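Residue numbers (the UniProt record's numbering), protein chains in the order written: chain A, 21 to 549, 606 to 874; chain B, 470 to 548, 553 to 566, 581 to 593, 609 to 621; chain C, 10 to 148. The structure under discussion appears below in the form of structure tokens.
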Amino acid sequence: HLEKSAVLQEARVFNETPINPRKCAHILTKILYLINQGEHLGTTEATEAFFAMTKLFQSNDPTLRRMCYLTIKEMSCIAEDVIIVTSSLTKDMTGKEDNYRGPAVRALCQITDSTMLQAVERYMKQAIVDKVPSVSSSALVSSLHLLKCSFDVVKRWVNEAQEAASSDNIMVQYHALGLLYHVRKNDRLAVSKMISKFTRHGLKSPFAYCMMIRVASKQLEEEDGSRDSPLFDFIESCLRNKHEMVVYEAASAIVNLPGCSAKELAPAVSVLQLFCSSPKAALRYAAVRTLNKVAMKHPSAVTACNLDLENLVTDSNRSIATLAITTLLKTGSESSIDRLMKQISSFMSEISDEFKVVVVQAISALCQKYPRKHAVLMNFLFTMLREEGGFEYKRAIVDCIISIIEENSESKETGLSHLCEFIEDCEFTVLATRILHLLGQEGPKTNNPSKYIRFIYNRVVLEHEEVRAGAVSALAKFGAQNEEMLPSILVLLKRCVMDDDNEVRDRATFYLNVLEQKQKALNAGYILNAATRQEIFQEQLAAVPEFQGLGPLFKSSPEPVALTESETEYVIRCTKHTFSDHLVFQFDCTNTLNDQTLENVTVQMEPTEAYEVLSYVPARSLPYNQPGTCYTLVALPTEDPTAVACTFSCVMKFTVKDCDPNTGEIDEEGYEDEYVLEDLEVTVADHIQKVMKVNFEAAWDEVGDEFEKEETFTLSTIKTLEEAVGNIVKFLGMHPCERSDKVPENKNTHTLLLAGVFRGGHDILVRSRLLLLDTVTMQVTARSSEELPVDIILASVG
Amino acid sequence: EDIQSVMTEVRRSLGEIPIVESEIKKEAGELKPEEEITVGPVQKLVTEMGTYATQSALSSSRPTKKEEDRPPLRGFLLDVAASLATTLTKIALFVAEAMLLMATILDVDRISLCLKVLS
Amino acid sequence: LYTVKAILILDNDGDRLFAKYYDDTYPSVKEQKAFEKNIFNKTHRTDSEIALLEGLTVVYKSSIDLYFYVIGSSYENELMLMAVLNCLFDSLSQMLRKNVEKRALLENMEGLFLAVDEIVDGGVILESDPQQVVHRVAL
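Okay, here's the thing in structure tokens:
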């Protein structure tokens, strides 16, 4: 047995020099045992123990060197001092008992601290790197726990650091990479050029391969680029060798075919499937459940029958039993075979590797593929379920019932019919509770009153004040609703059925009394229970008051622009808003880097095609991963030729301040640097409402009358609208028209006579007669109810 | 009030399993005397600490069920003359002192503490 | 890969005479026993070719006297995983010239211990074949 006490006293054994390595070791062992089994104790005593132990250390008694390692080893994230050895670690360090040296460092590292961290370091560097593979291994492990704590101390070393990871032992080679699990956690790019290194060389450890796979895979999901050759390359690689695991590993993800890859891969897979198909890799079971997914394609499915038939047949191997349920499921089944199986199952399920659990899982799947649906099956199943039984169905029922509800099943009359009956003579009060509750809600939306009543009475029939009680409670939702005959009678019934038995009496009385207390109708009720989208933005913007004009928003942006490209530290997405008077660019964001918070932020814009520039606004502070707002404001000139479409030049200015995210500091100092700000271009669709005309005929002409500018091109290398088309529907954001829009994948002639209204109120109108002689020569008209738009449309459309 | 006090005392004395909402209902009656004869908000506070305690325990987690609540009325039940009284109850659905007491009582927390002590 | 929840060598009296939770994040000697109980009681000296419990790989074995448990995650292939488990029986057997017994267990723990740390150390299997060991060790 275990107990601390003998040992502390026994520490006086330390006092002897005549000792045998055995004798002491055992004593040492005894302490360790209590602990291996489990012990808990005071530090003081531990400390003491140390001292006591520590005390002994003249020798190199090798054995002695190990035990302590253990002992020490026992302490690592919940330690007591560090310093004591120190010398001893060094002593190894100059000292060639190679062996020993390695264990000791390793413990320290969960226990570690930064100053002390300082210690090893030149050497350490060496040490990780040093000699025989053995020693090196010892070194490695040590970090990791320190990585818990941190490890960055290490980290730093890195450009330089990795390269040594270059290996010549398999075991080792495998190992190097995980540390690279975290290395790749740190970096993706690095991998990529890296891979070409991993990719570059054929590998040693099956083990090494594996991490890569996950990774490799991980990469693949969205696509790991043109895996074609790599994937392929890999594909061999996974595919064959003398180490099975890889082939399989690859296999489970890789399918690809809903009308997709199936080529080589299905055969190879088959070689495997079959090969596995009797517990080579008892692994095979899991896969079918998802890892290697199945829900088939139609001829494909027919082919599957044989393999599943082997498992189905075999009935053995825990790995087998599971396999039977998934394979059968995934591939699906005919009715008929089920029948054979039901009998098989009849024996099987109880224990046949403890079939019941796999089966409950299987069952959970059954309830799902048919959760009261193929009700005939549901009933067949139901009969069978209850029947094959044991008892273990109940658990299943919890799921099954749930499934039926999920559908909100409709062959309830029948479904319910089975349930009702069987449950009656399939017992368990507990089920009733659940079902009651559900039923409780449902009532007269599904009618069949007499039956349902018929049932209900029965349910009550059973004793239990409690059993009885549910029929009344369910009823409240029901009663209230009434059904194909109920209200009159509903009133009659509570009367007809009535009970004593005191608290059972009371239940009748009380419900009544309760009933007594409200107008039963009431009773039931209580108990039972422009100036666009963009304008909104004009207002949203409005809470600020530094304005220099606004108006009401007319239309907003046809496209928000990320003003800082992808996943940048100062990630910007920008949205632009037009009002009848001003345009505001309000800037949406995630000052990205946790490096930074940007401060003293304002936004420069500098313009080419007019706007009067009132102000650049910036956000006061922007910390990491959190929108803040900065704005830039303009007033929109409307009656000029060239005056609201503009590109503005952006430069971000800030005083850049570093962060501690743990607990920061926010101080007046910090220094600016400025980074380029992306262009803003302003559109002819941030401003416009596309329309249909108040008066096309007239308007159409009219707009010409006052307004009209023209451009002609004659098209001699291409006889297609389409280029033009890409620029026009899309740039203007207006409607192509006069039933003069439509073109199939070809068409002889086309007119878009097109619409919307521009900001500042007045309209911008376009007629594009595209004419095909067989060259295209075309008349583009822009006509407008605003001056700035006719010149604009012709440009803007591009 | 004698009865009320007795009830509270016995309740304190017990604690080790049961089930009743129904009982609550049973003491109350259609009407009944409570407090001096009225202490309004303070009285709302009165309802709040005595009932809250029952509740606090209620709020806590379970083993075997004792009974899944259907205290809908429970809610009115807690909150010309008759009509006025009803209105007051609806609105609800010395006083300050009562509220404070209830807060202090707030009995899952007590149970948790006991468990910790045992550990 | 920092992947051993524990490796335990359990008696088949549900007892555990070895456990190292290499990695752990749940506790209690009791809960450990309880957890143990559900599964052990259930497997009851019987094991499986494979067993997954918790989506987690359970590779466990039995001897002729002892029950071997490793808990890991079904999130790392059998063949290897087993290989370590295999390694555990075999080396102990050869080296000692005897595999595990209840008796064996009773006379001395240490060797197991010695081995164990060497083979595996936490949630990372540093090694899984005997030989290296065999030379390496010389106790």
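All C-beta atoms, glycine included, are put in the ideal place defined by N, C-alpha and C.
- Neighbours of residue 541 of chain B across chain A, judged by C-beta separation under 8 Å: 546, 547, 549.
- Cβ neighbours of residue 267 of chain A within its own chain (closer than 7 Å, five residues either side excluded): 258, 259, 260, 292.
- The C-beta of residue 40 of chain C comes no closer than 9 Å to any C-beta of chain A.
- Taking C-beta atoms under 8 Å as the contact rule, residue 410 of chain A and residue 370 of chain A qualify, at a distance of about 6 Å.
- In the three-state scheme derived from DSSP, where H, G and I count as helix and E and B as strand, residue 262 of chain A is classed as coil.
- Interface with chain A (9 Å Cβ-Cβ cutoff): residue 501 of chain B is excluded.
- Judged by DSSP in its simplified three-state form, residue 496 of chain A adopts helix.
- Within the DSSP secondary-structure output, residue 691 of chain A pairs in a beta bridge with A:709.
- Think of a sphere of 7 Å around the beta carbon of residue 265 of chain A: the chain C residues whose beta carbon falls inside it are 86, 88, 89, in chain order.
- Residue A:843 holds the alpha-carbon nearest to the alpha-carbon of residue 772 of chain A among A:761, A:843, A:94, A:381.
- With respect to chain C, the C-beta atom of residue 53 of chain A has a partner C-beta closer than 9 Å.
- For residue 676 of chain A, no alpha helix (DSSP H) encloses it; the enclosing beta strand (DSSP E) starts and ends at 672-680.
- Residue 694 of chain A places its beta carbon 9 Å or farther from that of residue 710 of chain A.
- Listed as beta-bridge partners of residue 563 of chain B by DSSP are no residues whatsoever.
- For residue 402 of chain A, there is no enclosing beta strand (DSSP E); the residue is part of the alpha helix (DSSP H) that begins and ends at 395-408.
- Here the alpha carbon of residue 59 of chain A sits roughly 17 Å from the alpha carbon of residue 621 of chain B.
- Rounded to the nearest angstrom, the gap between the Cα atoms of residue 68 of chain C and residue 87 of chain C is 8 Å.
- For residue 191 of chain A, the enclosing alpha helix (DSSP H) has its first and last residue at 190-206.
- When Cβ-Cβ separations below 9 Å define contact, residue 491 of chain B makes contact with chain A.
- Beyond the five residues adjoining it in sequence on each side, residue 415 of chain A comes within less than 7 Å, by CB distance, of 380 in the same chain, given in chain order.
- In the three-state scheme derived from DSSP, where H, G and I count as helix and E and B as strand, residue 377 of chain A is classed as helix.
- For the stretch 478-495 of chain A, the set of residues with a beta-carbon nearer than 8 Å to any beta-carbon of chain B comprises 493, in chain order.
- Here residue 807 of chain A is actually not in contact with residue 860 of chain A; their C-beta atoms are around 15 Å apart, not less than 8 Å.
- For a cut-off of 8 Å, the C-beta gap from residue 623 of chain A to residue 608 of chain A is around 19 Å, too long to register as a contact.
- Secondary structure of residue 555 of chain B (DSSP, three-state): helix.
- Taken through DSSP and simplified to helix, strand or coil, residue 649 of chain A comes out as strand.
- By the C-beta criterion, the stretch 519-538 of chain B is judged not to be in contact with the stretch 517-535 of chain A, since fewer than 3 inter-stretch pairs fall below 8 Å.
- For residue 494 of chain B, a Cβ of chain A is located within less than 9 Å of the residue's own Cβ.
- Residue 239 of chain A carries a helical assignment under DSSP once its states are collapsed to helix, strand and coil.
- Residue 119 of chain C reaches chain A at 45, 49, counting residues in chain order whose Cβ is nearer than 8 Å.
- Between residue 542 of chain A and the set A:634, A:212, A:499, A:195, the nearest pair of CA atoms involves A:499.
- Listed in chain order, the non-local C-beta contacts of residue 633 of chain A below 6 Å within the same chain comprise 651, 652, 762, local neighbours out to five positions each way being set aside.
- DSSP places residue 298 of chain A in no beta strand (DSSP E); its state is neither H nor E.
- For residue 201 of chain A, same chain residues with a beta-carbon under 7 Å away, outside a window of 5 residues either side, are 231 in chain order.
- Straight through space, the alpha carbons of residue 814 of chain A and residue 723 of chain A are spaced by roughly 33 Å.
- Sequence-distant Cβ neighbours of residue 515 of chain B in its own chain, meaning closer than 7 Å and more than five residues away, are 504, 508, 585.
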